[PDB]
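Novice: Starting off with a structure, shown below.
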Amino acid sequence: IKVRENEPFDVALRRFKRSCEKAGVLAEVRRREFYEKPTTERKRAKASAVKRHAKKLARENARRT
Amino acid sequence: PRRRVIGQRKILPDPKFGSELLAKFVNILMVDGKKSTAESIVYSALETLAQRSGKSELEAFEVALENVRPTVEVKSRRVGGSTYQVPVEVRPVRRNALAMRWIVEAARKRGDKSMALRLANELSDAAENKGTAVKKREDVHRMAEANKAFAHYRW
Amino acid sequence: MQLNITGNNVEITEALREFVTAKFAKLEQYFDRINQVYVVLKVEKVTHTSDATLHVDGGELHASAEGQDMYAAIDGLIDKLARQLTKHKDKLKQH
Amino acid sequence: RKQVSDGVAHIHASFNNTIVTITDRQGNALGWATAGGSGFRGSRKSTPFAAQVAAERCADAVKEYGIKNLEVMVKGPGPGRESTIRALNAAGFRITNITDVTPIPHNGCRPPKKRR
RNA sequence: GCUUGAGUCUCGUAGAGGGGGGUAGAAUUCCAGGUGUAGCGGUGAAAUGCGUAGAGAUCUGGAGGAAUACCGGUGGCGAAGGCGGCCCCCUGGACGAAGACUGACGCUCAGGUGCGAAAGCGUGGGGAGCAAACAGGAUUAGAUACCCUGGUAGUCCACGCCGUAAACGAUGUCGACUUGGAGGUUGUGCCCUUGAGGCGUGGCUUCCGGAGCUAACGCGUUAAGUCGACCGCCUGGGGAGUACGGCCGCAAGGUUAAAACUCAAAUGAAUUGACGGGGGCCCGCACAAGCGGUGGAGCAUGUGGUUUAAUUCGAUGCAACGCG
RNA sequence: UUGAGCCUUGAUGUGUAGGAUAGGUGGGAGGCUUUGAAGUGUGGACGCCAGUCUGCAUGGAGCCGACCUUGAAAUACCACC
RNA sequence: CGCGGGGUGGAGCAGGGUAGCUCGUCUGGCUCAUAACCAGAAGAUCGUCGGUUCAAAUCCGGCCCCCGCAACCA
């Protein structure tokens, strides 16, 4: 966003700050208001997020190896 | 193949000079499995190289080979619904073998009378860099350097 | 496109040969450019059956259709081949 | 002429093309170069290498001004946007600041429809 | 009569609940000016389009419209539809703690009445962006579409009309009862607020599961369990939510709602396969990497076809065609 | 602010050959200099990146023409442009 | 019927000391092929004649074609 760091030049320390929220936002304002699909995608997201919570908690029983 | 990194086998060297690099070269123009007919043409083609260049015989052969060996090779890569020519850097054991194959395919055309002198003319012209074998190397690099826009590696 | 009409127990007439080539002129341009055709007509005591083997630039495609009076068999054979030719065409476009 | 020392190097970073221009502190331009004018046309305009050739073609024709230090502004979600800056510090420049100035609406005008 | 249902009041609390007015910043577009020069824009590629009359990029200033990034949350509120910047004014409901009060004042309703996304309609404005229609460029056998460049109604505001949605939780409202677990959100009581502590207790809400239920899928204290009150609705598939009639509407149309004829099925859930231009993983001269061929030449041979008195018969995609 | 024209001047015009960023023609071995030299403190223009001009010196009293190559010989000097 | 301007690969055109670029046309690569793009090559005695100097597509004459502006009130 704003790096005015000294020493050896290596954006390296720039992509830490910039790839934080500067491309996910511009790719989703890229097209389509949606107006109701955000809802669908949003609600599909957390039904798969608790799919990672309620399975990986139940996956610590055994591993067959 | 899918499996089987293949167990590589060796080649017996040339009798006249202690080299398997030229023994790899005589196996390429060996048509229909005729090695005595192959080895007689190449020995008659490199003694002709010595008088037409002044040097000794075997090191005049690779100085015509470093002028014809490539460094990058372009490939067809299938990505998406199309397929563009991505360039890739060549392994060295393929690099010389791709070079001496380009010499023979230029030697079967460029039609002069005998095969020994057909090979002997452009082995000189590879060193002076005006023959048609070097024009295969430079037009490969002309296509790879035009396609420098395709690559996740920078060397 | 080269037709090769052949009949097993169905000796092909002249009206039937032009009926094949006029029908095979349809599935021509309208679907794909093709190399070489082998058409086989068969009668097996009930089923007027007609096969066809097309050769295209990619590979080969074959279809068979048994019908009612050897005219509806080829009419069902072309609709079986035309759908396989559109599936093969869009497999080679991928835009 | 004016022989200015410190400048600003804006980098436009669209998907289809990358434009790099060089201005001064006051904001009026000096020279520019694009990836479509560097010989790359069509599918190769959207390559980070084509943004590098656009940079060194813009690093030349500003030798008349004598820039040794410049800031870097990047704008757009392009395939370049960082390979362009590597073609500038290698070209003999002192990169004081690197700044992201891409336009983000706090929800304003309606974008077009998703293409199918 | 009674207070347990229902309701009033006293204190608080949370909230994109609603209506009205103001205002802020980011961004798009346009206009004007400075600098600056040959490209920009777009795509799988390309062209239409824009630009040497100076575009695009960049900087300053201005105009205008619409929407409120982050916060933003299987979070909150509302009867549903729905509601997101900030500030003020008017205003609705829910909820909790401790009491006080009236004393069955309740529940549910055909008709009726109101509210009711989006599109549309009328009158008057406004019009940045987006974008039906339409126009051009592509793609294609064709492309009337998807893609591209433009672009008008519309989207916005005020006041009316429309009264429809997969208006969905495909689950009417109300009340009671019946094992649990993990949370979210929002009040509140007590104890050591002695520490973001511990114990409780309400409201709404999400998920997973027990009994039981269900054709199965699943539901599971917010039931689709066990019951009671009332209402709406269903009666094989097509025809058809259509015709006619009535009512309503400016119109589009909505609503109510058939029959003749026709079929022996239509359908739901699950099962095994098969298939997918679904996903993952693996192999094969399958591709790749190479070498030598075929297709072009004459000839040998087999077949199709034609011919003939007969050119015997069989083999016909791969897996018939130097085959029996 | 700005064209255009005139005057006064001041710069600039590397093909090849080649000691060299020689404009043309003509006259043409005399001017330059201690009115404080080459080298350079220096600052630019041009820049066909090779050479020339000018500002100030702390140096201080020097340099070319004819004689080498060129279609041409030298802003050696001067005149007309 | 005189003033001007232009005659350069197939075309459009750039350019006193050597003829260039896009298309089309010749291929290479690639594609399933046409394509699209990428990579090389041929494409001119510069309209024709003369001379102006060492040397002319360039500068000057005359001719031919063409586009302009007029003179267009026998």
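Identifiers in this document derive from the order of the structure tokens: chains are assigned A, B, ..., residues are numbered from 1 separately in each chain, and ligands are numbered from 1 in order of occurrence.
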Residues within 10 Å of region 13-22 of chain G, please, as a ChimeraX atom specification. Count only C-alpha atoms (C1' of nucleotides); anything in the same chain fewer than 6 positions from it doesn't count.

Specialist: /F:15-16 /G:44,46,55-59

Novice: Write down as number ranges by chain the residues belonging to chain B that are assigned helix (DSSP H, G or I) by DSSP computed on the backbone.

Specialist: B: 21-28, 35-51, 59-63, 92-108, 115-127, 134-146

Novice: Taking only C-alpha atoms (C1' of nucleotides) into account, which residues of chain A are within 8 Å of chain E, as an MDAnalysis selection string?

Specialist: chainID A and resid 43 46:47

Novice: Keeping only N, CA, C and O atoms, write the selected residues to a file as a PDB file, in the first residue's frame.

Specialist:
```pdb
ATOM      1  N   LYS A  43     -23.903 -18.420   1.722  1.00  0.00           N
ATOM      2  CA  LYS A  43     -24.540 -19.478   2.472  1.00  0.00           C
ATOM      3  C   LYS A  43     -24.053 -20.843   2.108  1.00  0.00           C
ATOM      4  O   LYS A  43     -24.341 -21.778   2.803  1.00  0.00           O
ATOM      5  N   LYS A  46     -20.308 -21.174   4.439  1.00  0.00           N
ATOM      6  CA  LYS A  46     -20.298 -21.534   5.847  1.00  0.00           C
ATOM      7  C   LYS A  46     -20.950 -22.879   6.110  1.00  0.00           C
ATOM      8  O   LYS A  46     -20.721 -23.471   7.169  1.00  0.00           O
ATOM      9  N   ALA A  47     -21.749 -23.382   5.164  1.00  0.00           N
ATOM     10  CA  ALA A  47     -22.194 -24.769   5.238  1.00  0.00           C
ATOM     11  C   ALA A  47     -21.060 -25.722   4.879  1.00  0.00           C
ATOM     12  O   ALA A  47     -21.124 -26.918   5.181  1.00  0.00           O
TER      13      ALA A  47
END
```

Novice: For chain A, list the residues within 6 Å of chain D, counting only C-alpha atoms, and write the list as a PyMOL selection string.

Specialist: chain A and resi 1-4+31-32

Novice: What is the distance, in Å and to one decimal place, between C1' of residue 68 (chain E) and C1' of residue 115 (chain E)?

Specialist: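 Those two atoms sit 28.2 Å apart.
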
Novice: I need the residues of chain C that end up classed as strand (DSSP E or B) by DSSP on the backbone, written out as a PyMOL selection string.

Specialist: chain C and resi 2+5-8+36-44+47-55+60-67

Novice: Restricting it to C-alpha atoms, dump the selection as an mmCIF file, in the first residue's frame.

Specialist:
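And here's again.cif as it stands now:
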```cif
data_model
loop_
_atom_site.group_PDB
_atom_site.id
_atom_site.type_symbol
_atom_site.label_atom_id
_atom_site.label_comp_id
_atom_site.auth_asym_id
_atom_site.auth_seq_id
_atom_site.Cartn_x
_atom_site.Cartn_y
_atom_site.Cartn_z
ATOM 1 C CA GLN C 2 -16.204 -41.139 -50.847
ATOM 2 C CA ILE C 5 -22.372 -48.730 -50.337
ATOM 3 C CA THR C 6 -22.573 -52.478 -49.728
ATOM 4 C CA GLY C 7 -25.471 -54.800 -49.018
ATOM 5 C CA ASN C 8 -25.664 -58.158 -47.243
ATOM 6 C CA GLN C 36 -14.227 -41.687 -46.334
ATOM 7 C CA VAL C 37 -17.503 -43.546 -45.778
ATOM 8 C CA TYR C 38 -18.397 -47.240 -45.641
ATOM 9 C CA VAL C 39 -22.147 -47.942 -45.670
ATOM 10 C CA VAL C 40 -23.457 -51.450 -44.942
ATOM 11 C CA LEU C 41 -27.119 -52.422 -45.371
ATOM 12 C CA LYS C 42 -28.437 -55.664 -43.853
ATOM 13 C CA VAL C 43 -31.753 -57.519 -43.711
ATOM 14 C CA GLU C 44 -32.064 -60.085 -40.911
ATOM 15 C CA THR C 47 -34.729 -55.780 -39.079
ATOM 16 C CA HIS C 48 -33.732 -53.649 -42.040
ATOM 17 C CA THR C 49 -30.442 -52.642 -40.440
ATOM 18 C CA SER C 50 -28.022 -50.042 -41.776
ATOM 19 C CA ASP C 51 -24.516 -49.370 -40.476
ATOM 20 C CA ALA C 52 -22.077 -46.610 -41.417
ATOM 21 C CA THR C 53 -18.404 -45.960 -40.664
ATOM 22 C CA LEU C 54 -17.219 -42.372 -41.113
ATOM 23 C CA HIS C 55 -13.531 -41.432 -41.189
ATOM 24 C CA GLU C 60 -13.436 -42.838 -36.776
ATOM 25 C CA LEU C 61 -17.102 -42.913 -35.794
ATOM 26 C CA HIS C 62 -19.624 -45.687 -36.363
ATOM 27 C CA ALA C 63 -23.396 -45.831 -36.012
ATOM 28 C CA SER C 64 -26.037 -48.480 -36.613
ATOM 29 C CA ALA C 65 -29.815 -48.284 -36.877
ATOM 30 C CA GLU C 66 -32.439 -50.956 -37.455
ATOM 31 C CA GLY C 67 -35.693 -49.697 -38.894
#
```

Novice: Between C:15, C:92, C:72, C:20, which has the minimum distance to chain B (counting only C-alpha atoms)?

Specialist: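 Residue with the minimum atom-to-atom distance to chain B: C:92.
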
Novice: Against region 33-39 of chain G, which residues of region 8-42 of chain D fall within 12 Å? For each one I want the closest pair of atoms and the distance in Å (one decimal), counting only C-alpha atoms (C1' of nucleotides), rows by chain and increasing residue number, as CSV.

Specialist:
```
residue,atom,partner,partner_atom,distance
D:39,CA,G:38,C1',11.3
D:40,CA,G:37,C1',10.4
D:41,CA,G:37,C1',8.5
D:42,CA,G:37,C1',8.1
```
